[PDB]
Each structure stands twice: as C-alpha cells, then as structure tokens.
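Undergrad: Sharing a structure, written as structure tokens. Questions coming.
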2 protein chains.
Amino acid sequence: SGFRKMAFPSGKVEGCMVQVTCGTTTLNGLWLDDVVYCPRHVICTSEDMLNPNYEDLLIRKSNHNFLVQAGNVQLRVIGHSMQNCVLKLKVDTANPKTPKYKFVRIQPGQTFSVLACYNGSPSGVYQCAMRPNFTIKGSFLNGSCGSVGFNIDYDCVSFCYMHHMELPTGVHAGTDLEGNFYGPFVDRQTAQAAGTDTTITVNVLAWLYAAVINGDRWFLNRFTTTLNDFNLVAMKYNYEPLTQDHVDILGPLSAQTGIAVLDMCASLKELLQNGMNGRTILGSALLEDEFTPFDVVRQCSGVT
Amino acid sequence: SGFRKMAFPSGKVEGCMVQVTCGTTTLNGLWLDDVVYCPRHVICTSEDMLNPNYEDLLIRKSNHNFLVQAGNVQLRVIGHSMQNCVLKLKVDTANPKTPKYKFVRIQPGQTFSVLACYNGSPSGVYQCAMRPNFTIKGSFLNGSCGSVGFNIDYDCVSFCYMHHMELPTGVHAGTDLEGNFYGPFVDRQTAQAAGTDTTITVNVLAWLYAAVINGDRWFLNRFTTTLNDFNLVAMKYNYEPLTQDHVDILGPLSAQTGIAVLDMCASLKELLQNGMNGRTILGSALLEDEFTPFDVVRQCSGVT
Ligand SMILES: CN(C)c1ccc(N(Cc2ccsc2)C(=O)Cc2cncc3ccccc23)cc1
Ligand SMILES: CN(C)c1ccc(N(Cc2ccsc2)C(=O)Cc2cncc3ccccc23)cc1
C-alpha cells in the first residue's frame, strides 16, 4: 500500500546523456546509437534568441563546431542535420549504453518521467503529465535544455519529450524526438499564449480509484450520475469532458474496487461541488490529475 | 523555475539490485563489492513471521540455500552472516557496477530517494522523508523488501534505508544498511505503535522559500514573530519546535530571497492559523514538509 508520484528508474536514460557545446552555448544531448539529438537552439547566442534564423545560423556551423562530451570522453562528429527544432549530430561511435528504444508522440493527459540534466549530467528525476494545453509544469533551470521525458515498458525506453523552453508564465515547452513542438510553441524568446488548460478528468478518477485501493474511502457516496450530468459539472469546473473511451480505460480499476465508473463520477461531482472540507486524499488537499489509469494499476500491481 | 518532488537519478543504485531467494521467499538485495545485503526475513515463511527465531531459522540455512540472481546470472554465495536485521551474503564476484558508496544513518526530517524493486528489478523511484516518528510514507507492495533509500552527492551514493515492513497502518518501516531499525519497530508481524508524528517545520519553511523563489508570494505578510511565539503556534498545530540550528540551516534561503527567517515564520504562523483559504502554493493545497533546505537550494541551483 501507499501511493506516490513515482517516476521510472532513470538508469537507461542516464547512459544516453551527453553535453553538447556549440560556440558559447552548452546544453544536453541524447546519444542513441551513433546519433546525438539536441535542441537546435544550441547554435544560438543570447543575441539570436529573439527571432533566430536557424537555417542561417546552422550554415555558419560545421561538424567540428559541435563539441560532444560523454562523461570525460569526446565524441567525433561526422555529420549534422536539422529536423524540425532538433539537431541530429551523427557521431563515429555508437553509444554502448544504448537501450532498446522508441520515439513516441504522447497524447495530452498522458504522463512520463523527466530526467533533468545540466552539462550532460543528471541532477534528478520527476514524474509529470503533458497538460491538455501541451505544456509541462516541470522543474527546469537554464542549461536544462536537451533533458528528455520518457516511459519504460520492460527494457524499452519510449522517448516522448525533449526540453527546449520555459515560457514567461513559468511553464515548460518542448518537442517530440523528431523536433516537433508539443502545442503551438516556437523556439523564439517571445510571449506565447499557452492556451486554456483543463484538469485531466480520467486521471483524477483513476487517482480516486488508487485512493480506495490504498485505504482512503471517505469521499465515496450513495449517489450515481450519468456521463451527461457529470459532463455538465466537468464543464463548470474546467474538467475535460468524460467519454465512453475514458470509462473503458477505467474498466480495470472499476473491476478491482467494485465501484462502477459512474458511481466514482458521482463522488468526483460531490468533491467538485463541495471541495475537500479540510480533508485529504492520498496526502493531497486537491484533486490530483498526474496519474493515468495505467500508472495506477502499474503502481498498485508492481510491474518492473 | 518550477518546483517538483524530485528524486535522485536511480542509475547507480539500479546496477546494485539483485534478487535473493531463500526457500520459498524472494525479495531484493543490494550487491556492493562482493557482498549482497538483504532483509533477514528472507529466511522466513508465512508461518514464521508472527514471532520468528531468526538465529534458529538461519542455522537451518547454508550458503547454497541463498539463491542470488543479478539479472540472468547467478552469484556464488561463499559466506553468510546476520548483522542486526540484515543478512550479508558474501559472493565470489565483486559487482562491476559498484558505485562509490557510503552507509549512513539519516536523521528524522531528512529526505532520500527510494528505488522500489520487485524480483531484483527496479519498478520506480520516488522522493520521501523519514518522518519524525521514523516511519516512511512510501509506496511498497509484497516483495518490495530489500528496496533501498539513498542520497547521491556527485558520484557517491549514501545508502540510508532498506525496506523491511509495512505496518497495519499502511506506513513503512525499515533499517539502516547495518540492519538497525529506524524507530521502535521489530521485524515481526505484530501490532506496533509508530508513535506520535509531527510536521517537519524546517522543511515547511524551506518549501515556503522555494515558493517565493518560484513565483508564489501571496502568503507573505507584513508581520514578524519570535522563535518563542512561533513555537507556541507550532505546539498547537503539531509542528516540530523550531530551534536556532533550524534558523541557521535556513540562512542561505533567507539570503537569496531577502526574507528574514522569523518573517517567513510569521507567514507560516498565519497559514497555520487561517489555512490556505482555497489557494495553492507550488501546486499543493497543504503545507509540504518533504523538502529540506538543502533539497530546495539543490533544485533551485541545479547541482548534478
Ligand atoms: C543562450 N541560449 C542559446 C539560450 C538562452 C535561453 C533559452 N531559452 C529561451 C528560448 C526561446 C526560444 S527556445 C528557448 C529558454 O527558455 C531556456 C530555458 C529552459 N528551461 C528553463 C529555463 C530557466 C531559465 C532560463 C532559461 C530556461 C534557450 C537558449
Ligand atoms: C513470507 N515472507 C517471508 C514475508 C511476508 C510478509 C512480510 N511483511 C511482514 C513483516 C513482519 C515483520 S518484518 C515484515 C511485510 O511487511 C512485507 C511488506 C513490505 N512492504 C509492503 C507490503 C505490502 C503487503 C504485504 C507485505 C508487505 C515479510 C516477509
């Protein structure tokens, strides 16, 4: 028992982290096979970041200008190319620590672990969710660019995120591993509207099932609701509309606890309408949405 | 910016995790040099756990009865000994992945990362605090025994905890790496009083400094207090008494924000007396105490 914001063990990703220096800019890179992936803004200086002409800046750079350090040893850059907002530096040595990996584009509402790095060295690991507005409320300082988000299924690491930028609002933005930004963001130091965010209803409900599994049952009530009545409450409280697919993904948690999904919905409805009343659920005084139904079953079953 | 419950990157600890099977019991072990450390209850069966005679149970066991698997390869056990509540299985092969390490006894209120493992395989990593009553509110299922808690200073891993038991209350108990239980607990399946817990005042104050650093300032007020007046409030709200040493450990955060420690104390006093009023601080609707002053400066500076 016990329920925590658990991240995947970062070991397989730590072995892929390198330092990438171009000119006076240093950030992190992801060494997989004979390719180091890093944010393309490594080629910029502070003067460039207002509106960088990346194609032009990259043309002034050659293979020898990209310094790649993997711990204390230097990697030999034999090629370079830009793909969307990432640079792919081809190196003459495949990473011996390359795990089985995949490049995935995650959906908003899904979670992943972040391995925050500085100068190609890992500082820490935390679990977070891709917000419905495609931002991440991470913990990132200057030089954290190039840190990646991932999920691990057995021995296969699915890289989903690469860190590029902190918006003036303090929230974070980045790309998939093909360099495509999540959300409407661009890699320019400019005011960028993040868009209206919502709470991930399915994840809150999944977390409500984890609370019942782990002992917390005070919020359970004698009521039920319909998807329609629930969605009217979800609308008023800026919660994502709940669909039959969300009810289906909650099937296992519903079967384990014997609490019908619409019965759990009615409990969430009462919590939205009345608050916690000074009470807690799994050590939180607010409704948590950073745990997916899969994360709950994984943590409550013990998959390694 | 951004503030998260960040755990240390678990890589160096993952490389030390092995599976230890004795009879019909399987749990995790920590392979450092030519020694595998595991909870001594590996020698028990369900029938034994009510009141095990560990000296007697161990006498029926020989080196060949302790099966130690490091991934897919078997380790050869050449010696065995009990030290407090841990078994030390001497093996004929030093772990090639042994990092620079230390065995430390942590103080209550300090934090550490936990690498939850099952069958010698890591499932996840989370950050937690040693409660003032020496329990840990972890996330542990059956077979998680042998999972360790640690801190990492550069390349040196300081092992502080080993998991042994979940109390009937759902909280966790374990030992230092010399097998000494933290708190009054014994490795017997019996009702065990955990003792009165308190909130880690210094850590709450440290977290209040992290909130100001990361943008959250609504709780700052026009008041100040004394250690005496604050301690009267801390008493009423089951908070640890604040001492001059705690004020001294908060010196750096006070210097960075320019907010005097007693001024921050007066803000915490108002939050204790009036609650959050439906507001949040760093994404939490309650007062967080799982971040030490050192954790705050580390996360807000970027140490790797
Ligand atoms: C000097 N240098 C080239 C540089 C300089 C700044 C950045 N930018 C701006 C920007 C614009 C468009 S794309 C990035 C970042 O946003 C980098 C960054 C990320 N995360 C957390 C941060 C906290 C504090 C400062 C910077 C942070 C990238 C690069
Ligand atoms: C069968 N076997 C030998 C066994 C069987 C049970 C345990 N115990 C009891 C106990 C008594 C004294 S020392 C341990 C544990 O407490 C083990 C444990 C730990 N963490 C989370 C758990 C969740 C569910 C079930 C067990 C959990 C240890 C060993």
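A short reminder: the numbers here are calculations on the coordinates, not readings from a lab. Note that each Cβ is placed from the backbone with ideal geometry, even for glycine, and that neighbours are counted across all protein chains shown.
Undergrad: Assuming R0 = 35 Å, can you tell me the calculated FRET efficiency for the pair B:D33 and A:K100, based on Cβ-Cβ distance, to the nearest 0.05?
TA: Working: r = 30 Å, r/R0 = 0.85.
Plugging the Cβ-Cβ distance into 1/(1 + (r/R0)^6) gives 0.75.
Undergrad: Any idea what the A:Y154 label distances to the other copies are, label 7 Å down the Cα→Cβ vector, nm, shortest first?
TA: Those separations, rounded to one decimal, come out as 4.0 nm.
Undergrad: Sticking with this one: Among the listed pairs B:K12/B:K88; A:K102/B:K90; A:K100/B:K102, give every one whose C-alpha distance is greater than 28 Å. Show your work: numbers first, answer last.
TA: Working: B:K12/B:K88 20 Å; A:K102/B:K90 39 Å; A:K100/B:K102 32 Å.
Where the Cα-Cα span goes over 28 Å, the pairs concerned are A:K102/B:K90; A:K100/B:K102.
Undergrad: Report the Cα centroid-to-centroid distance between the stretch B:206-251 and the stretch A:43-89 in angstrom, as an integer.
TA: When both Cα centres are located, 46 Å separates them.
Undergrad: I'd like the projected area of the protein assembly as shown, averaged over all directions, using the convex hull of its alpha carbons. Report it in nm² with one decimal.
TA: Values: hull surface 112.6 nm².
Hull-based average projected area comes out at 28.1 nm².
Undergrad: While we're here: In the stretch A:55-90, whose amide N lies under 18 Å from the spot 7 Å out along Cα-to-Cβ of A:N180? List them in ranges.
TA: A:82-88
Undergrad: When you count, for each residue, the other Cβ atoms within 10 Å and take the mean per peptide, how do A:166-173, B:109-116, B:18-25 rank with the highest first? Please report the intermediate quantities before stating the final value.
TA: Numbers: A:166-173: 18.0, B:109-116: 23.2, B:18-25: 19.9.
Answer by packing, highest mean first, reads B:109-116, B:18-25, A:166-173.
Undergrad: Under the Karplus relation 6.51 cos²θ - 1.76 cosθ + 1.60, θ = phi - 60°, what is the ordered set of whole-Hz ³J(HN,Hα) values for the stretch B:78-94, x standing for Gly and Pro?
TA: For the stretch B:78-94, the Karplus-derived couplings read 9, x, 8, 7, 9, 9, 6, 9, 10, 9, 10, 9, 6, 10, 7, 10, 6 Hz, x marking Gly and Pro.
Undergrad: At 0.36 nm per residue, minus the direct Cα-Cα distance, what do B:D56 and B:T93 gain on full extension? Give it in nm, one decimal, please. Please list the in-between numbers first.
TA: Working: separation 37, 0.36 × 37 = 13.32 nm, distance 2.82 nm.
My answer for the length gained is 10.5 nm.
Undergrad: Right, here's the next one. May I ask you to report, in nm to one decimal and beginning with the shortest, the distances from B:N238 to the same position in the other copies, taking label points 7 Å along Cα-to-Cβ?
TA: B:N238 label point versus its equivalents elsewhere: 3.3 nm.
Undergrad: If packing is taken as the average number of other Cβ atoms within 10 Å across a peptide's residues, how do B:44-55, A:139-150, A:211-222 rank, most packed first? Provide the component values of the computation, followed by the final result.
TA: Values: B:44-55: 13.2, A:139-150: 22.7, A:211-222: 15.5.
The peptides rank, most packed first, as A:139-150, A:211-222, B:44-55.
Undergrad: Sticking with this one: Could you size up the charge dipole of chain B around its Cα centre, putting +1 on the beta carbon of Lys and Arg and -1 on that of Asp and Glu, and report it in debye to the nearest 20?
TA: Values: 22 positive and 26 negative charges, 81 e Å.
Using only the charged Cβ atoms, the result is roughly 380 debye.
Undergrad: Which whole number gives the average count of other chain Cβ atoms within 10 Å of the Cβ atoms across peptide B:140-147?
TA: Working: counts 4, 6, 1, 2, 2, 0, 0, 0.
So the per-residue partner count for this stretch is 2.
Undergrad: Label 7 Å along Cα→Cβ of B:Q107; the stretch B:238-271 residues with amide nitrogen under 20 Å?
TA: Output list for this probe position: B:239-255, B:261-262, B:265.
Undergrad: Find the Rg to Rh ratio for the stretch A:1-155, where Rh is the Kirkwood radius over alpha-carbon pairs and Rg uses the same atoms. Can you show the working numbers first?
TA: Working: Rg = 15.9 Å, Rh = 16.4 Å.
On the Cα set of the stretch A:1-155, Rg over Rh gives 0.97.
Undergrad: Give me a single rounded figure for A:7-20: the average over its residues of other chain Cβ atoms within 10 Å of their Cβ.
TA: Details: counts 11, 5, 15, 9, 12, 3, 2, 5, 1, 0, 3, 0, 0, 0.
Mean inter-chain Cβ contacts per residue within 10 Å come to 5.
Undergrad: Nearest 20 debye, what's the magnitude of the dipole of the protein assembly as shown about its Cα centre given +1 on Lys and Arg Cβ and -1 on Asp and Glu Cβ?
TA: For this selection, approximately 360 debye.
Undergrad: Would you mind computing, in nm to one decimal, how far apart the modelled labels at A:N84 and A:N277 are, each placed 7 Å from Cα along Cα→Cβ?
TA: 4.7
Undergrad: Using modelled backbone amide H atoms (1.01 Å from N, in-plane), which distant-in-sequence or interchain residues come within less than 5 Å of B:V86's amide H?
TA: Result for B:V86 returns B:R40.
Undergrad: Oh, and also: Quick check: the angle from helix A:261-274's long axis to the longest principal axis of chain A, C-alpha only, nearest 10 degrees?
TA: 90
Undergrad: For chain B, with equal point scatterers placed on the C-alpha atoms only and solvent neglected, what are the log10 I(q)/I(0) values from the Debye formula at q = 0.09, 0.10, 0.13 1/Å, to two decimals?
TA: Values returned for q = 0.09, 0.10, 0.13 Å⁻¹ are -0.50, -0.61, -0.91.
Undergrad: Summing +1 for each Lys or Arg and -1 for each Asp or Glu, what net charge is found among the other residues whose Cβ lies under 15 Å from the Cβ of B:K100? Walk me through the numbers on the way to the answer.
TA: Numbers: positive: B:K12, B:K97, B:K102; negative: B:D33, B:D153, B:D155.
Residues near B:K100 contribute 0 overall.
Undergrad: Please express the shape of the stretch B:198-301 as an equivalent ellipsoid: the semi-axes are the square roots of 5 times the eigenvalues of the C-alpha gyration tensor, given largest first in whole angstrom. Please list the in-between numbers first.
TA: Numbers: eigenvalues 63, 53, 34 Å².
The equivalent ellipsoid of the stretch B:198-301 has semi-axes of 18, 16, 13 Å.
Undergrad: Between copies, how far does the label point of B:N180 sit from its twins, in nm, shortest first, when each point is 7 Å from Cα along Cα→Cβ?
TA: Distances between equivalent label points, in nm: 5.7.
Undergrad: Quick one: putting +1 on the C-beta of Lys and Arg, -1 on the C-beta of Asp and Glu, what dipole do you get for the stretch A:167-245 around its Cα centre, in Debye to the nearest 20?
TA: Working: 4 positive and 8 negative charges, 75 e Å.
The dipole magnitude comes to about 360 debye.
Undergrad: While we're on this one: What's the angle, to the nearest 10 degrees (0 to 90), between helix B:201-213's Cα axis and the longest principal axis of chain B?
TA: The angle comes out near 60 degrees.
Undergrad: Let me ask something additional. Between helix A:227-236 and chain A, what is the angle of the helix's C-alpha long axis to the longest principal axis, kept within 0 to 90° and rounded to the nearest 10?
TA: Computed tilt is about 60 degrees.
Undergrad: Could you give the length gained by full extension between B:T24 and B:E47, i.e. 0.36 nm per residue of separation minus their alpha carbon distance, to one decimal place? List each step's numbers first, then the result.
TA: Numbers: separation 23, 0.36 × 23 = 8.28 nm, distance 1.18 nm.
Contour length minus Cα-Cα distance gives 7.1 nm.
Undergrad: Moving on to the next point. Please compute the modelled spin-label separation between B:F223 and A:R217, points set 7 Å along Cα→Cβ, answer in nm with one decimal.
TA: 4.1
Undergrad: Have a look at A:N180, A:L27, A:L268 and report the one farthest towards the positive end of the charge dipole of the protein assembly as shown, computed about the Cα centre with Cβ charges (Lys/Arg +1, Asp/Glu -1).
TA: It is A:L27.
Undergrad: In a shell of Cβ-Cβ distance under 12 Å around B:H164, excluding B:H164 itself, what net charge do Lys and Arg (+1) and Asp and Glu (-1) give?
TA: On the way: positive: B:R40, B:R188; negative: B:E166, B:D176, B:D187.
Around B:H164, the charge tally is -1.
Undergrad: In addition: Over all residues in B:123-135, what is the mean tally of Cβ atoms on other chains that come within 10 Å of each residue's Cβ?
TA: Working: counts 10, 16, 12, 10, 7, 2, 0, 0, 0, 0, 0, 0, 0.
Across the residues of B:123-135, the mean count of other-chain Cβ atoms within 10 Å is 4.
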